[PDB]
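Visitor:
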Amino acid sequence: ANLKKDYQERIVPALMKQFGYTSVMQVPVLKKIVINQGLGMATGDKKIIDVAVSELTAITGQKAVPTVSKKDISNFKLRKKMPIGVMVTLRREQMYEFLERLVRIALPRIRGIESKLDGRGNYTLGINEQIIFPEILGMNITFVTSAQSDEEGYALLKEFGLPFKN
Amino acid sequence: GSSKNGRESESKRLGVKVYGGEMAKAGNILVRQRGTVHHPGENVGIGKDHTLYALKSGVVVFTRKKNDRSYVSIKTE
Amino acid sequence: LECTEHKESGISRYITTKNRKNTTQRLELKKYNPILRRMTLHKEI
Amino acid sequence: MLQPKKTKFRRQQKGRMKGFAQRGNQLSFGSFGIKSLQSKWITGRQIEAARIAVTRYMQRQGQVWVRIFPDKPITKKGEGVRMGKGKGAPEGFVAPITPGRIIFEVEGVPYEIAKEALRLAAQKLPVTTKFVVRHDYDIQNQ
Amino acid sequence: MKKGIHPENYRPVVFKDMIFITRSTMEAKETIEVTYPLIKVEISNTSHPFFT
Amino acid sequence: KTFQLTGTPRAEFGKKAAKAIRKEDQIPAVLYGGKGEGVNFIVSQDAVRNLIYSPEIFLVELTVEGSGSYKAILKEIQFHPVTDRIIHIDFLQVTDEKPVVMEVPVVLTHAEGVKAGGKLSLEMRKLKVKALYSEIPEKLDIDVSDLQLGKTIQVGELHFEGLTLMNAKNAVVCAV
Amino acid sequence: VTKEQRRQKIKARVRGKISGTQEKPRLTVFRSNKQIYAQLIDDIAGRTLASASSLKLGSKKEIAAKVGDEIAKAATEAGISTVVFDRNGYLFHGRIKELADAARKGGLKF
RNA sequence: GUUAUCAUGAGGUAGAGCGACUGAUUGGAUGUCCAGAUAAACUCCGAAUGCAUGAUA
RNA sequence: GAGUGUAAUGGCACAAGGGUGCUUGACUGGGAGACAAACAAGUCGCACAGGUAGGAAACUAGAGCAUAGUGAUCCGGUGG
RNA sequence: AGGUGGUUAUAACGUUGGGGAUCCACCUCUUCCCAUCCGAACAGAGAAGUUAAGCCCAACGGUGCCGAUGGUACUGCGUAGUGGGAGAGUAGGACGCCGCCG
Ligand SMILES: [Mg+2]
Ligand SMILES: [Mg+2]
Ligand SMILES: [Mg+2]
Ligand SMILES: [Mg+2]
Ligand SMILES: [Mg+2]
Ligand code: NA
Ligand code: NA
Ligand code: NA
Ligand code: NA
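Chains as they are written, first to last, in UniProt numbering: chain A, 5 to 115, 119 to 143, 152 to 181; chain Y, 8 to 84; chain D, 14 to 22, 26 to 61; chain W, 1 to 142; chain Z, 1 to 18, 23 to 37, 41 to 59; chain L, 2 to 110, 112 to 178; chain G, 2 to 58, 62 to 114.
1) Measure from the C-beta of W/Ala-114 to each C-beta in chain L and report whether the shortest distance is under 8 Å.
2) Take A/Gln-137 and list the residues in its own chain whose beta-carbon comes closer than 6 Å to its own, dropping the five residues that flank it on each side.
3) What residues does ligand 1 have around it, judged by CB closer than 6 Å to any heavy atom, in chain order?
4) May I ask which residues mark the beginning and end of the alpha helix (DSSP H) holding G/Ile-67?
5) Less than 8 Å between C-beta atoms, sequence neighbours within five positions excluded: which residues of the same chain meet that for W/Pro-96?
6) In whole angstroms, give me the CA-to-CA distance for W/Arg-134 and W/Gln-142.
7) Considering only their Cβ atoms, is the gap separating Y/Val-79 from Y/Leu-21 smaller than 8 Å?
8) Taking just the CA atoms, how far does W/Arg-101 sit from W/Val-127?
9) What is the C-beta distance between L/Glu-125 and L/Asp-148, in whole angstroms, given that I count them as a contact (C-beta under 8 Å)?
10) Whose C-beta lies closer than 8 Å to the C-beta of A/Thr-71 among residues of the same chain, with five residues either side of it excluded?
11) Between the region 45-77 of chain L and chain W, which residues of the former have CB atoms less than 8 Å from a CB of the latter, in chain order?
12) Measure the CB-CB distance between W/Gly-62 and W/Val-132 and report whether it falls below 8 Å.
13) Could you pull the DSSP bridge partners for D/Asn-49 from this structure?
14) Compare the Cα-Cα distances from G/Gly-110 to each of G/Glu-66, G/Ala-79, G/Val-2 and report the closest residue.
15) Quick one: Cα of W/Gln-3 to Cα of W/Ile-103, how far?
16) Which first and last residues belong to the alpha helix (DSSP H) in which G/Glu-102 is found?
17) Excluding five sequence neighbours on each side, which residues of the same chain lie with their C-beta closer than 7 Å to the C-beta of D/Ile-61?
18) Within the same chain, show all residues whose beta-carbon is closer than 6 Å to that of Y/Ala-33, passing over the 5 residues directly before and after it, in chain order.
19) Would you mind sorting G/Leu-95 into buried or exposed? The rule is 16 or more other CB atoms within 10 Å of its CB.
20) Indicate whether L/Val-105 and L/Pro-139 have their beta-carbon atoms separated by less than 8 Å.
21) If contact is defined by three or more beta carbon pairs under 8 Å, each pair taking one atom from either stretch, is the region 78-92 of chain G in contact with the region 9-23 of chain G?
22) So, L/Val-101 versus L/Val-95, is the Cβ gap smaller than 8 Å?
23) Which stretch, first to last residue, makes up the alpha helix (DSSP H) that contains A/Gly-168?
24) Rounded to the nearest angstrom, what separates residue 117 of chain A and G/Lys-101 at their Cα positions?
25) Buried or exposed: where does A/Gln-163 fall if 16 or more other Cβ atoms within 10 Å of its Cβ makes it buried?
26) What's the gap between the Cα of L/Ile-53 and the Cα of W/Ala-50?
27) Where does the unbroken beta strand (DSSP E) through Y/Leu-37 begin, and where does it stop?
28) Strictly below 7 Å CB to CB, what residues from chain Z border residue 118 of chain A?
29) Can you give me, in chain order, the residues of the region 92-105 of chain W that have a beta carbon less than 8 Å from any beta carbon in chain L?
30) For W/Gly-86, which residues in chain Y fall below 9 Å Cβ to Cβ?
31) Hey, quick one: how far does the beta strand (DSSP E) through G/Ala-51 stretch, first residue to last?
32) Using the beta-carbon of each residue, which ones in chain A are nearer than 7 Å to Z/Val-41?
33) What three-state label does DSSP hand A/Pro-87 in the structure shown?
See below:
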């Protein structure tokens with residue numbers, strides 16, 4: 005509930021002013037922050053799948069699950085049964101507290120960030136180091160917004176404090 | 008000089024047995040089919056091999072419906 | 014590796033098959049005993 | 001030689017050519033063509049000989065179209081082989097055609113040259129043919 | 001939300017820049037006047056050059 | 002631009018009636034469009050000889066005897082597979098209410115510069131146009147005095163009159 | 002995928018075996034965010050035989069009992085028993101269960 | 001029992017078609033598009049005959 | 001345009017495709033009536049009595065999406 | 001502005017506008033019935049808020065869908081006649097039509 009007040013009390017009263025909606029339901033609202041990482045190396049050494057679960061739980065605070073394969077590709081020794089991914093889907097306040105742990109301490113501990124979305128307004132971040140966080152083989156981060164285009168998504172994105180670029 | 012062919016199995020005598028308009032006694036076999044080429048409607052049951060048979064005596068009716076799906080039913084009185 | 018099975022306990029018997037390398041424990045299923053006219057447990061012999 | 005890059009089946013039953021052609025009886029590409037008056041199987045060797053002949057004429061100015069493709073496999077048993085025991089050795093592909101089907105289309109040359117060039121090509125073919133001019137053609141602009 | 005599975009120790013704590025209490029798992033050995044749970048960190052987003 | 006056509010009434014229909022009609026060197030024909038049913042009538046091979054076998058296009062002024070008089074354009078010609086003779090025609094009635102798609106000849110009217119060498123090539127011989135019947139040109143002139151090197155004029159890059167170029171835009175109408 | 006395509010999918014699965022005749026009429030329920038409704042339907046005829054609702058009549065589960073009872077009285081007068089209860093794409097739980105329980109507890113074999 | 005007429009029914013052949021699938025395929029502009037075209041084991045389509053049942057002659 | 005252990009074909013969205021909770025109906029006594037048919041054989045299916053499983057209930061369950069996975073009689077073995 | 005049926009999309013899909021009396025909805029929170037890694041779904045508890053979206057109404061031939069008449073292919077009988085008659089395409093049609101309850 006750190007950026008929650010900053011969004012409803014403060015950030016919302018400015019988005020309607022600029023884009024000029026006739027209501028308050030047209031303004032973008034990120035609804036979840038999905039985190040994921042690929043463990044193709046575990047196809048031959050699967051002891052590093054449990055360790056990923058333990059690490060992917062200390063960061064967000066909520067338990068994660070393995071992701072099972074879905075294809076039959078020999079070039080990755082892949083048959084449709086192996087656990088090769090770990091995902092966590094933060095939502096509501098759980099992503100709100102997590103977001104503040106990242107904009108202030110994660111980007112600061114980097115050794119800023121690209122500006123390119125999928126086109127529907129969902130910025131996704133792949134950081135190649137897991138020790139960028141406090142609790143800690153990178154991991155994907157995706158903020159699924161309620162926006163329509165990149166224009167609406169960007170305004171929600173920069174208001175939070177994402178370092179972005181230019 | 009030889010053929011690698013020459014094989015075949017016995018035909019199963021499949022198809023419609025009681026046509027629309029005719030009268031059926033309960034238990035009569037109406038359609039032998041692979042899969043539900045025809046579907047069971049009112050008063051018609053389906054067997055293990057998708058055989059359509061009459062649950063009640065009456066008049067056989069075929070009826071096409073959405074997506075050209077065919078149904079078989081018995082009209083009683 | 015799929016053999017005949019005979020579940021038991026006139027006497028009540030049921031004949032069925034099972035894979036002896038997949039199901040390695042003796043079969044134990046509840047079936048209807050005609051002599052007693054109620055369900056009892058039948059175990060493999 | 002014109003033949004499919006690959007086929008689903010190696011052998012094919014010899015069919016039956018029945019009536020006049022209902023498709024490909026009209027010129028679409030050129031202004032001049034030759035059309036069959038008989039039903040027959042046309043071989044790839046026959047087509048290559050006729051195409052080289054028509055292309056040899058008209059020097060190097062003009063375009064020729066082949067409007068039939070041989071996709072039908074045929075076989076032959078050979079000498080000393082009795083009836084029975086299955087199908088024979090493969091013998092290439094043929095294209096079955098019916099009366100009215102256009103074979104060779106030509107464009108880019110005046111009327112007289114086109115008439116003569118397709119006469120040389122029709123003399124390599126097993127069927128008698130007929131010269132056709134498109135009905136929108138202009139004799140006073142070539 | 002499911003009882004059990006969720007790991008404990010997720011309690012509020014205020015990070016130091018070198023103060024804002026945030027619910028986080030990492031419980032560094034410290035205290036501070041409640042909001043006792045404290046963790047000391049290097050330059051935060053308020054002191055990173057490019058971020059400011 | 003105009004053609005005079007007339008035709009006799011047609012009553013019987015079917016395999017027997019049509020075969021007897023062509024035995025007299027006649028052609029079965031129909032006319033339909035907009036309001037009203039179609040009209041079945043008979044024309045002659047001599048009468049339509051210069052309407053169809055020609056590089057020109059015309060607005061047929063059709064006078065069907067026993068029914069009335071109308072205006073029409075050629076829509077569909079049916080040819081025999083082997084003899085290439087006309088066996089059926091249908092004429093679309095044209096009015097001044099809504100446009101109609103038709104294809105008019107396009108003429109490459112001198113060539114650009116010295117030209118790349120005897121090229122001056124007309125590729126697209128006809129272009130689909132939709133407009134009122136009294137706005138369709140007899141021809142589609144083009145002036146060609148630019149880019150004597152490798153160049154092409156597309157269908158989209160041309161504006162003639164109150165026409166509408168439906169002839170598959172982004173295509174090529176001339177080159178070299 | 003939109004709170005309705007799934008409900009229509011579940012609706013048709015229930016309707017694959019549950020219908021209504023002059024005897025054993027179908028009991029159908031519709032749950033809105035604020036209200037709750039019920040209807041007795043004769044599929045062969047296509048017309049509704051009786052109805053009840055809470056639009057003109062405790063928490064929401066406490067009000068489904070009255071709807072589940074008011075549908076009994078309406079069917080009691082018209083001479084209806086042994087109705088068949090269809091879910092209408094609704095899980096058998098909460099308000100819907102209380103409506104079914106009240107109907108069973110009255111005069112209907114729902 | 002047969003044949004005819006009427007009523008009712010289920011078809012996937014001939015033909016046709018191919019941006020309706022699979023396979024094959026021609027020329028152009030350039031995977032996108034404009035034309036052209038093929039099949040026993042292709043089908044978005046689809047007869048004439050034949051077949052089954054009832055009634056009358 | 002996937003899948004349905006296994007060839008091909010037909011079928012499948014309320015899925016017959018994919019998950020879980022509980023279970024043994026892969027029941028005892030049965031075969032109105034049909035398909036198919038030289039015979040021998042083969043196929044689909046009751047009504048109800050007894051006792052169960054799942055379900056709030058209605059209801060469904062006498063093995064499996066269907067169609068291959070087979071061998072008469074004689075002569076012996078085992079359990080009643 | 002809702003619920004539930006019949007009619008094989010001429011019914012569908014889509015596009016552009018309008019709608020908040022009351023309804024439908026989104027909406028707010030998870031102590032309880034119940035649920036998944038997550039109250040996202042499912043379930044419970046409310047009316048603080050909105051017509052923005054679903055939803056309904058108007059207009060649109062845009063994608064799909066329906067589709068003549070004529071001619072042709074094919075074909076039964078018969079040795080050119082006598083009967084049946086497509087598919088494709090073209091004119092066009094079509095932005096549903098009907099019941100019950102509140
Ligand atoms: Mg067979
Ligand atoms: Mg054919
Ligand atoms: Mg063909
Ligand atoms: Mg019997
Ligand atoms: Mg006709
Ligand atoms: Na054989
Ligand atoms: Na094709
Ligand atoms: Na005939
Ligand atoms: Na037609």
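All C-beta atoms, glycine included, are put in the ideal place defined by N, C-alpha and C.
Guide: Answer, in terms of the structure:
1) Using a Cβ-Cβ cut-off of 8 Å, W/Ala-114 does not count as an interface residue toward chain L, since no Cβ of chain L sits closer than that to its own.
2) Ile-143, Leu-152
3) Having a Cβ closer than 6 Å to some heavy atom of ligand 1 are Y/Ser-16, Y/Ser-18.
4) 64-82
5) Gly-15, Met-17, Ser-39, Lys-40, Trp-41, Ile-42, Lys-72
6) In this structure, the CA atom of W/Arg-134 is about 13 Å from the CA atom of W/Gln-142.
7) no
8) 11 Å
9) About 17 Å; that fails the 8 Å criterion.
10) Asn-40, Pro-87, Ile-88, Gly-89, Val-90, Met-91
11) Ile-53, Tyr-54, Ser-55, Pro-56
12) no
13) D/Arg-54
14) G/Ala-79
15) One C-alpha to the other measures close to 16 Å.
16) 98-109
17) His-19, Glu-21
18) Closer than 6 Å at Cβ, skipping near neighbours: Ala-61, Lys-63, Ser-64.
19) Its Cβ having fewer than 16 others within 10 Å, G/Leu-95 is exposed.
20) yes
21) At 8 Å Cβ cutoff, the stretches touch.
22) yes
23) 165-175
24) Position 115 is followed directly by 119 in chain A, which means residue 117 of chain A is not present among the coordinates.
25) A/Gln-163 sits exposed, since fewer than 16 C-beta atoms from the chains shown fall within 10 Å of its C-beta.
26) 32 Å
27) 36-39
28) In this structure residue 118 of chain A is absent; chain A steps straight from 115 to 119.
29) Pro-99, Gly-100
30) By Cβ distance, chain Y contributes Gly-8, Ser-9, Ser-10, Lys-11, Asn-12.
31) Counting along the chain, the beta strand (DSSP E) containing G/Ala-51 begins and ends at 48-54.
32) Simply none; closest approach about 16 Å.
33) strand
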